[PDB]
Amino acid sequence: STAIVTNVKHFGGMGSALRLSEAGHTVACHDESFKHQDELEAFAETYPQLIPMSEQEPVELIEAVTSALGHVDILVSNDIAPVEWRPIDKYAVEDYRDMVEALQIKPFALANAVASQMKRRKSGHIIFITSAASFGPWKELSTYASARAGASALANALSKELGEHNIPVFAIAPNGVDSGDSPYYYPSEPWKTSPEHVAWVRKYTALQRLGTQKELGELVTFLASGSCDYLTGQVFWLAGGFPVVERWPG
């Protein structure tokens, strides 16, 4: 069983790769930095069980993995872009293009590249990591929220056609997941350290804590196991009960 996890150093990246690996999958990993064989090797050394790739774009990643490791059973399209809090009139239209390109076109591209071998083998699983920002409660986050909703709708739409061919498709829409060293999107500093921040997580999520990489990885692994294919189409809000807003005063 062969898996690919994209952007392996951020967001849901590590939780996913590490848990799948433990589950017995051969896990190919992609990251922008794996461009420099510098960075690639310091990661092969640190994680002998994962197997990182240099390839960057969807089709060369899929061919590279198919060639080296057999055939992709599992795609985890762990998608990232920076989050800027501009209001609408202050963005460039091109900014939305780049945002959509990053969060919406990318997973289309990955799924479009993997789909026909999965369909031929009548087997595979496809998971997008999106965001609870879709139809969420934030302001001045317009580009990000819509692009992410794009990607979750893609996942649901795709399930509908691939179910014929035994291929479940899922979206995982997180908020407040511990990214650790990565800035995408809840790095320890300042999210564990800054008092103001620990107060914010405390006020607005219901479990009054950040989620964990391990939690995110366990779900990915559960979905990837073939244990619950009937859930196909589901958007999972991976968010600890966010949002919670206080009772009336007085």
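Throughout, we count residues from 1 along the sequence that is shown.
The PDB entry records a higher mean C-alpha B factor for 73 to 81 than for its counterpart among 150 to 158 and 73 to 81. Relative to one another, 83 to 91 and 175 to 183 have unequal mean CA B-factors, and 83 to 91 is the one with the higher figure. As recorded in the PDB entry, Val198 shows the highest C-alpha B-factor of the residues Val198, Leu210, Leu216, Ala224. Ranked by Cα temperature factor within the chain, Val220 sits in the lowest third according to the deposited record.
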